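The chain that follows stands alone, in the form deposited without the RNA, written as structure tokens.
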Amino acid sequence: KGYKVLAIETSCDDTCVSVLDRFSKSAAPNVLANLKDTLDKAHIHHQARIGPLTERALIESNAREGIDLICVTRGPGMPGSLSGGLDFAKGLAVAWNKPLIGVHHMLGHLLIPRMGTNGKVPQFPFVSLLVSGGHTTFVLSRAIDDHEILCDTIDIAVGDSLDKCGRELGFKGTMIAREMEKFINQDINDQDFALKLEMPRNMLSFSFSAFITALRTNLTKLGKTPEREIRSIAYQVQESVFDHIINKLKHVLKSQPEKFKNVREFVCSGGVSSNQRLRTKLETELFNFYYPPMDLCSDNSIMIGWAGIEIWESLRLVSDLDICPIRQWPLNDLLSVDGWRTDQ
């Protein structure tokens, strides 16, 4: 009366494998195993570590002969990295004679806040703001298969920009932007507010490439290291970056009011979404808000597994064993591409 899912994420630099326990359809699934091997070349890393990782996962999950579904990121991303997990997933599927689902990567980010409350919250339609180190997108979700991008970044992601500006202040570490928030919060009022920093179609867009450039052209009028000044500058940096996002979100909500007539829930996921100041400006300068945890907003295979559970039960669809990776996969063309198949 229940089943288990083997999930593989291989679109990014980190290799991710998970085992989910869908013990009941009237309850949120549980995680039996969730591993990430960080790249610390892209196609080789997955190719060399996808094997030992899953083996380790099946041992820890204690269910090598109990998984009933294989979910793997089909795209988008680099063909070399995607293949490493996709070809491997097929091997698992053929050996176990079990169904396979080629999952869209962005679909995982959008659907993962539902998993906690099964499929209840949030409900369609809902809007989502994916703000990570690789994504900066605003998406409308009308259905499990109907997703529309309303605003996407042009150059880099917000996380990529904040880190780049964080290393110029300069902070170090795995996640630089997260560290930059701390030094500015320790002196949230204790920082000397003396510096007045200077920061800056047929489809609305984000942009973050100029923030590092504008940052360099302001430290050139001052000096490059007073913590009362450091915490002050860092505040104005993240503020203006968040200002750009809120401004573009406003433009979207004002341009297409008909799109947003029946949505009452805003989802902000991605690594950057853990930023309290960002969370605050969203709720202030804009209808519920949902903030997914940190261990799910970052790239992982759990969201891939849950996404597969979504499409297997709701759409009753499955992927053919001949599916190839997709470099550029438009979210609106989710079911347009070969080759989906029904179990219904």
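The numbering used is simple: start at 1 and walk along the sequence shown.
Student: In this entry, is the chain continuous from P200 to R201, or are deposited residues missing in between (none, 1 to 3, 4 to 9, 10 or more)?
Tutor: Some 4 to 9 residues are missing between them.
Student: For the stretch from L286 to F287, please bin the deposited residues that the model skips: none, 1 to 3, 4 to 9, or 10 or more.
Tutor: Per the deposited record, the segment joining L286 and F287 lacks coordinates for 4 to 9 residues.
Student: Averaged over C-alpha atoms, is the B-factor higher for 203-211 or for 171-179 in this PDB entry?
Tutor: Comparing 203-211 with 171-179, the higher average CA B-factor belongs to 171-179.
Student: Going by the average Cα B-factor in the PDB entry, point out whether 91-99 or 158-166 comes out higher.
Tutor: Looking at the record's C-alpha B-factors, the answer is 158-166.
Student: Using the temperature factors in the entry, find which of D37, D295, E310, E65 has the highest value at its Cα atom.
Tutor: If I rank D37, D295, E310, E65 by C-alpha B-factor, first place goes to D295.
Student: Highest recorded C-alpha temperature factor, please, choosing from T220, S128, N262, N118.
Tutor: Among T220, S128, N262, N118, the PDB entry lists the largest C-alpha B-factor for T220.
Student: Considering only modelled residues of the same chain, in which third does the CA B-factor of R74 rank: lowest, middle or highest?
Tutor: For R74, whose C-alpha B-factor we compare with every modelled residue in the chain, the answer is the lowest third.
Student: Give the position of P257 by CA B-factor within its chain, expressed as the lowest, middle or highest third.
Tutor: Highest third.
Student: Taking only the Cα B-factors deposited for this chain, tell me whether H46 sits in the lowest, middle or highest third.
Tutor: For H46, the deposited C-alpha B-factor lands in the middle third.
Student: Would the CA B-factor of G133 place it in the lowest, middle or highest third of its chain?
Tutor: For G133, the deposited C-alpha B-factor lands in the highest third.
Student: Comparing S83 with the other modelled residues of its chain, is its CA B-factor in the lowest, middle or highest third?
Tutor: CA B-factor rank for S83: lowest third.
Omitted from view is the form solved in complex with the RNA, to which the following refers.
Student: For the chain seen here without its partner, which of 42-50, 305-313, 291-299, 63-71 has a heavy atom within 4.5 Å of the RNA in the bound PDB entry?
Tutor: Flagged stretch: 42-50.
Student: Quick check on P79: any heavy atom within 4.5 Å of the RNA in the bound PDB entry?
Tutor: Because a heavy atom of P79 falls inside 4.5 Å of the RNA in the bound PDB entry, the answer is yes.
Student: Any of the heavy atoms of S83 lying within 4.5 Å of the RNA in the bound PDB entry?
Tutor: Flag for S83 set to yes.
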